[PDB]
Structure formats: C-alpha cells, structure tokens
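> part one of the complex, untouched from its place in the assembly:
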Amino acid sequence: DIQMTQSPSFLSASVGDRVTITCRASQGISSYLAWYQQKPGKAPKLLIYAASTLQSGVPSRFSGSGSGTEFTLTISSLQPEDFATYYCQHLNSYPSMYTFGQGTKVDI
Amino acid sequence: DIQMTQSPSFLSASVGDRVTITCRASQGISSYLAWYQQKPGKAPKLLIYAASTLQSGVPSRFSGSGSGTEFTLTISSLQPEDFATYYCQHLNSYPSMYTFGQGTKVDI
Amino acid sequence: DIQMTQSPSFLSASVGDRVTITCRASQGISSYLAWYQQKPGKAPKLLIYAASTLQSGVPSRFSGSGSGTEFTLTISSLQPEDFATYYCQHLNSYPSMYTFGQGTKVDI
Amino acid sequence: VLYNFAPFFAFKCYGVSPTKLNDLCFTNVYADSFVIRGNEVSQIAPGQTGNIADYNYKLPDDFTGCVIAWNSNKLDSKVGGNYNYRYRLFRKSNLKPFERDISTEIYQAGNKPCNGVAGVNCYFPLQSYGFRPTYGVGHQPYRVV
Amino acid sequence: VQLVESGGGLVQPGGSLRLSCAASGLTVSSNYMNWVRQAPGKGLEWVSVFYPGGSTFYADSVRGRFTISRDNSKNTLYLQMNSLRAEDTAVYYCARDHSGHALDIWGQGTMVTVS
Amino acid sequence: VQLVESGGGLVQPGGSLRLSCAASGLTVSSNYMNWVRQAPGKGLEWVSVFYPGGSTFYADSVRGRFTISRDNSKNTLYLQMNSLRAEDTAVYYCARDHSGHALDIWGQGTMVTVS
C-alpha cells in the first residue's frame, strides 16, 4: 500500500508571482498521476494527466512535470481568476484503487 | 395475444343527439367484455358487463350490444350530465390477463 | 404464564394523607419486583427494586414491602410534588420476559 | 431403579433410548446434579440460550445422554427462605460445553476501573433463588441430574 | 360494499411502500381481488390478482418488485412495492370480480408518486 | 451514567428505521440491555433484550421484523425495525439491568411514528 500526501497544504500567493505544488507518494510510484482543479461548489475538472501530457481545453499556462517519487505542478502566468483547490491521484491494486490524498488550498 | 383498440378516440356530441362507441379485439374474442365510465378525478364504475347484461344502478339509458370481433355501446337519451371517458376490457391467459386498451373521450 | 394486574387504577389522594398501592401476580411470584415512577412526559426512573431494597437517590419517604402474591408500596410523607404514575414488573421465562401490567394513576 | 422409586417430571434422553439403555455398554457414564427453577429446566437441552444454559452449565450439541428432572417442592423448599442456592447472572461470555466457573469476583460494568466493593456499576455476580412453599409451580424448586 | 384504501405519499426511487385495501361487506379471502394502476392523463393498467386460493399472478411490468398479501384478521388486502421512478407514478385502485371479467366495487384511489 | 438515544421521525408503513443508544459510563458489551416501548397514553411494553454473550430474545409482537445490534467501536446499541402501522407508534427507551429484574438507567425517549 502507498500513501499520497501533499506538503504545501494552505498557501498564500499573489497575482504577480507563480505557485509550485508538490505531492509525494510513499514506496515509489509509476508515471501515471493526474491533477485536478476544484473551484468551491463546482465539480472538479481534469487539469493535467499522465506525465505532463496536458489536456485539450486546459490552458498552456498550466504545466506539471515530474518523475518518480517527487511530483510537482507549476503555474507560469499571473492567475487572473485565483484558483482554489488541487489534488493528486494514482490508480492502485485491488483493495484501494483510486487514492486522492490530502487536498491543497491556494489563494490571494 | 390480443390487442384491444378503440376507433372513435375523441368525439364531439351534442345533448340532442346520441353517441355510439366501438372497440375492436384482434384475433377474435369471446362474449365477455365490460364497459366502464370514469368522470375526471373519480374512481371508475362498472356500466355494462358480459353481453349486454346491464347492471343494477346503471340506467336503462345505457345499452351496449355486440357479438364477436365487433363490439359497441350506444346511449339513447340526451345525456344531461355530459359523460367523459369510457373503456373496454377482456380477461386473457396467464401473461396478460386484464387488457383495457386505449381510452375514449366524449364531451360537448 | 402469569398476569400482573393492579387494583387501585385511578386514585384521589390529598397532600395530608398517604397512599397505598397494590399489584397482584397470578399463579404466585418470586421476591423480585420493581416499582417505577413516571411523571408525564418523562422517562421513568427506578424507585424500589427487589424486596424493599430501596435505591440511592430515592428518598426514604418511599417504602414498598410485600411477600408472595400480595405486593404493595406505601408513601409516608405528604407528597409535596404530586406524583403521577406507577408500575410493577417481574422478569419471566423465555416467551414473555418483562411484564409490566396495567398502570396506576394518583393525583390531587 | 430410577422409575420405581422417584417419580419424574421431565425424563428425556438424546442419542439413547430409555428401555434399551440397560442392554448397552459404555466406558464412562457421568452424572451432573443441580437444582433449577421449574420454568428453567427446559434450558438444559442441546444448544439453547438463557441465564442458566449460557452462563452456568451448557450442554453440547451432539449430546448422548439422559436428562432427569423431578419436583422437590416438598423437601427442597424451605420454611421462609432458601437463599443458599445461587446462579451466575453476570458473565463476560458464554461457556464452552461442559464447563464450570466458581469465581466470586466482583463483575465490572463500564470502562471505569472496578474496585472490590460492589457499590454502583460493580455487581456481585451470583443471585439468590427465593424458595417458599406458597410459590407457584413455575418458581418451585426442581432437581435435575 | 365499500373499499377504502390507505397509504401512499411520496417515496424516493428505490424506496418501499405498502398499501392496504380495507373492505367492509365482502370477504377478501373469498373473492377475486386485484390492483389497477392509472398514470395521470392516461389509460388504466393491471398490476396484480389474488384468488381465493393461495394463488397470485402479476403483470410483466410489476413482476419481482411487487408483492401482494392478504390478512383475514383485519379483512384487508395489502400490496408491497419496491418502487422505481417510472414503475409507480399513478393512482392505485382495489376491485372485486363478479363474473370473472368485470370489476364492480372500485375503491377510491391513492396517490403514490416517486421523487 | 447517561443513555442518549438518537433516530426517529416519521416512517411510512412498510418502511425501515434504526435507533442508536449512546451510553457513556457503562459498557454495552457487558450489561443486560433492552428496549422498552410505550404507546401514547398507555402502559409500557418490552421489545428486545441483549445479553453480554451473543444472545437475544424478542417479544412475540416484535419477532421477525425487529433486529438488535451492538457495536463496541462506538459503545452504542442499535435497533433495526421494519415498521408496521400498529407495531411501532410509540416512544422507545433504552435501559440497563442491575439485579436481573430492575431497569435503572432509562434514557430519554425517541418518538417513532408511522404515517
């Protein structure tokens, strides 16, 4: 069994600067990990999947690259609409399957 | 299997004239058929059963006679309280049993 | 099987005098019987259990003594807060177990 | 010799027959004796659940033996009290078949530690029968072997 | 003879209800009794049937989720349902059969909607 | 010791409810625990019982539809019901037995009405 945890938890980031998020996986990990964005009171939408694949409709503003245990995502632009929450996952073996781990919060 | 259908569907009948209703049964039929009257928002009551048997409490105004595939009911009097809906049925074999068919509407 | 019944049913007792209550058990009885007090709209609380054992928190005002078929409880003091209802019980064999019997009412 | 001398109330056998008992051979024939309420004699049988069967004396399922019960209100009942006889009201778990417990330790009810004194939330497990000659046939003493 | 029916209300999809058919004048354990369904603004349909003997026939659309029961103690007829959003959205009727085809004593309907 | 009870409300006939008996001070897995029923303006009645061992006895009127359960994780007692119009129209009580006959710690009642 593996446990997914995120270090930043709450953060404070201004419009001018960028934000970097990291989530760790115990006992190693494959290359399959997805990042989600969930504005409060809205169903979350896929943002980045697999190894920095990027998705149609997701702006090129977002880019999340990593390998092995250390995984991270970074936002380059000024974040006009201040984003709210972000999550990790990774599909597993029979008993656990989808593991999301603790959430993350970023704001002004 | 047999299918019960009624030809008139909606009708327009004045107080002065009479009204004749017919419902057909596919693949022939026995002599057992019942006619119901259902004023809107009220539980339907038996009007004519079997082969023009007539029922206690049903006025002699009503009389429905027929044989074989062609079945019909006729109202002789002027219809003071304009009736609303009417139905057929016939008990069948194991799978279907009571078959009511499409309804009928008559009004001013 | 045994049936538990109480003779007084409704009663009228003033503040000055005392009140005596009796409940009978058919086909004899052991020494285990409990008395309950239930003010209207409140969960009943144990008052006297076993053979006149008396209970902590129950005033010495109450005292219910009896043996065999004839069982009774008596209140000595003036009953400042007029009590309302009272019950008997006795644990039984497999089918019935707890038998409470008819209630009793006492008031001003 | 059982029938001729002692009249019986509930003479029952499981796995064996009464008449055909003499013409059979066994290596061990035990004999367990106690005194039970009349209405609680029926708990001495294969399986069953109750105050006596579960916590005092539990018979096995595949039981080969005989159960004998006969009334003793004439002799076992006392003048005004027979508090000598007791049964185990409180126990943590059921008994394995054919077991015995003679512990008189104070029972514990609640997560709070239980002291020696019974007081509140700690009870003396054993509870005393009440036997008097005027009691009904249900609560009358019985002898079971 | 009167057939007053009770029960109904609103039940969520996947829920359960029971309806009782109270009859004073005819024996439920002696007559052909059946359940008739009528969606709003549509024709009637047949649900169950219950013979004097221990027999019961159901329609195809109400088979396996609908169970009927009779109690001679209260002289009443019960229908047990494990509802579905489109299976039960109608008024329910209780009737008796005289001549093996005609339902005469129709009771007042009970609204049974699912939401 | 306190025995706070939760659950209740209104359930339609043929429905289902569960009531939990929260006890803080006594172990549910060590005492005689039982359920007591009281219809409005009437005497009390006995429903279930649950020994320290895996044993349970039910009254005749609540047998086969009423199931009791105990969970040592939450130190609470649960009662499962499959209600009927006259079987469950009463406040329900949770109690402990000291001396094999007397119920002392009676919790506050929970209203369980059917309609």
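Here it is on my side, so go on. Numbering: from 1, shown residues only, chains lettered A, B, ... in the order given.
> Neighbours of residue E:85, how many?
By other C-beta atoms under 10 Å in any protein chain shown, 11 other residues sit near residue E:85. Where C-beta positions appear, they are placed from N, C-alpha and C, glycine not excepted.
> That one and residue E:15: what is the separation?
With distances taken as C-beta to C-beta, to the nearest Å, residue E:85 is found 11 Å from residue E:15.
> Now for these two: what residues contact both?
Overlap between the neighbourhoods of residue E:85 and residue E:15 consists of residue E:114, taking contacts as C-beta atoms under 8 Å, 6 or more residues apart in numbering or on different chains.
> Name the residues of chain D found near chain F, please.
Where chain D comes near chain F, counting by C-beta under 8 Å from any C-beta of the partner chain, the residues are D:49-51, D:54-55, D:89-94, D:107-112, D:121, D:123, D:127.
> among these, which are in helices?
Secondary-structure check on the residues of chain D next to chain F using DSSP state H: residues within helices are D:51, D:54, D:55.
> so what's the second one closest to, chain neighbours aside?
What that stands for is residue D:54. The spatially closest residue to residue D:54, leaving aside those adjacent along the chain, is residue D:94, at 4.7 Å (C-beta to C-beta, 6 or more residues apart in numbering or on different chains).
> surely that neighbour meets residue F:54?
Yes - under the criterion of C-beta atoms under 8 Å, residue D:94 makes contact with residue F:54 at 7.1 Å.
> ok, now how distant is residue A:44 from residue D:101?
As defined by C-beta to C-beta, residue A:44 lies at a distance of 60 Å from residue D:101.
> Residue A:24 too?
As judged by C-beta to C-beta, residue A:24 and residue D:101 stand 55 Å apart.
> Looking at those two, which is more packed in?
Neighbours were tallied for residue A:24 and for residue D:101 using other C-beta under 10 Å; the higher tally belongs to residue A:24 (17 against 12).
> separation between the more buried one and residue A:69?
From residue A:24 to residue A:69 the distance is 6 Å (C-beta to C-beta).
> The residue nearest in space to the middle of chain E sits in which helix or strand?
The central residue of chain E, meaning the one whose C-alpha is nearest the mean C-alpha position (C-alpha atoms, centre = their mean), is residue E:35 at 3.3 Å. Secondary structure assigned from DSSP states H and E places residue E:35 in strand E:32-38.
> For that strand, what is the distance to the chain centroid?
Using C-alpha atoms, centre = their mean, to the nearest Å, we find the averaged C-alpha position of strand E:32-38 to lie 5 Å away from the chain's own average C-alpha position.
> List of residues touching the helix or strand following that strand?
From strand E:32-38 onward toward the C-terminus, using DSSP H and E, the following helix or strand is strand E:44-50. Contacts made with strand E:44-50 from outside it, assessed by C-beta under 8 Å, 6+ apart, are listed as B:44, B:87, B:97-100, B:103, E:32-39, E:56-59, E:61-62, E:66, E:68, E:70, E:77, E:79, E:90, E:92-93.
> next one is chain G, place it on the structure:
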Amino acid sequence: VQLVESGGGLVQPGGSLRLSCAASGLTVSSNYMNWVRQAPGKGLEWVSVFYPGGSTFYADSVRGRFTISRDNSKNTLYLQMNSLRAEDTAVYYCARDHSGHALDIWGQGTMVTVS
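If we add chain G to the chains shown above, we get the following:
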C-alpha cells in the same frame, strides 16, 4: 459529453436511496465508470468502479451496503445504497476514465444527506 445525475435528498439512517447517472455521448457499457464521494469541506474519496465487462470493485468503507448497476436500455448508471449516518453524508460524482488513471468527464454532484 454530459453526465447529469439525479436522485438524492434526505434519507433516515438505515434507509435506502438510488442514484442514476445519465450520460449522453459516451456508452456506459463500454467505459470505466466510477463513483466519487466528497464530504463537505474535506477531500475526495472513491466508492465504486464498473468495467466494460461484468466486473465491479468497491472500497472498503462501502462494501456490502453499496451496489452498482448498469442499464443499457436508458444508457445510464445506477448506484444502490443502504445508508448509514457516517457512510453517506456527501456529494456524489460520476466520471469516466480515459487512460486508466484520469477521470475527465465529471458530472454535477448530488447532495445525499442522512438525518
């Protein structure tokens, strides 16, 4: 593609609900479909999964009380629950899996509270 979900409301403890996942654009009988749970003000959790073949895996916390079903007639996905006070107090989501790990088409949540 849209995944509109229906059902919900309030169910008493020990009750039952069913939720339907309506999908117009993707075949439910051909894609990995799953149920995702989110308690208010907390992270997300996984409930069920349903392969193109007749296979289904449940989480440990929702095993034995939660049943999933698929109907190709209405092209919809159903989840059957036998609720508990802490097992089901969350919005429920319906999703599809593209590359065996990523859930893209997330439908609107349905509130399912127990009280």
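> and the neighbour count of residue E:85, now that chain G is in?
With neighbours defined by other C-beta under 10 Å, the count for residue E:85 comes to 15.
> what residues are up against it?
Per C-beta under 8 Å, 6+ apart, neighbours of residue E:85: E:13, E:114, G:20.
> now residue E:65
Taking C-beta under 8 Å, 6+ apart as the test, what residue E:65 contacts is E:81, E:82, E:83, E:84, E:87.
> Can you give me the buried ones in stretch D:99-109?
D:106, D:107, D:108, D:109 (16 or more other C-beta atoms under 10 Å in any protein chain shown).
> ok, the third one to chain E distance?
Noted for residue D:108: a distance of 43 Å to chain E, by C-beta to the nearest C-beta, to the nearest Å.
> Contacts only, for the closest residue to that residue other than its chain neighbours.
The shortest distance from residue D:108 to any residue that is not its chain neighbour, by C-beta to C-beta, 6+ apart, is 3.8 Å, and that residue is residue D:114. Contact analysis of residue D:114 by C-beta under 8 Å, 6+ apart lists D:106, D:107, D:108, D:121, D:122.
> before we move on, the earlier item: turn the contacts of residue E:65 into TSV, columns for secondary structure.
Written out in TSV, the entries for the contacts of residue E:65 read as follows (DSSP: H, G, I helix; E, B strand; the rest coil):
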residue	secondary structure
E:81	strand
E:82	coil
E:83	coil
E:84	coil
E:87	coil
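> Now flag whichever of these is closest to residue A:29.
Closest approach to residue A:29 among those (C-beta to C-beta): residue E:84, at 44.0 Å.
> and the closest one, how many neighbours?
Residue E:84 has 16 neighbouring residues, counting by other C-beta under 10 Å.
> hang on, it packs against residue E:12?
No - counting by C-beta under 8 Å, residue E:84 does not reach residue E:12; the two are 10.8 Å apart.
> Any chance you could list residues touching both of these two?
Shared contacts of residue E:84 and residue E:12 (C-beta under 8 Å, 6+ apart): residue E:114.
> Report the contact partners of residue 108.
Since no chain was named, I'll use chain A. Residues touching residue A:108, when contacts are defined by C-beta under 8 Å, 6+ apart, comprise A:12, A:13, A:14, A:15, A:82.
> Not quite, go with chain E.
Residues B:43, E:3, E:4, E:5 are the ones in contact with residue E:108 under the rule C-beta under 8 Å, 6+ apart.
> What strands flank whichever strand or helix holds the last one, and is each parallel or antiparallel?
What it means is residue E:5. Residue E:5 belongs to strand E:2-6 when assigned by DSSP H and E. Each strand pairing with strand E:2-6, determined using DSSP bridges, is listed with its direction: strand E:17-24 (antiparallel).
> The strand holding residue E:35 to strand E:44-50, inter-axis angle?
Angle, strand E:32-38 to strand E:44-50, by axes from the mean of the first three to the mean of the last three C-alpha atoms, to 10 degrees: 150 degrees.
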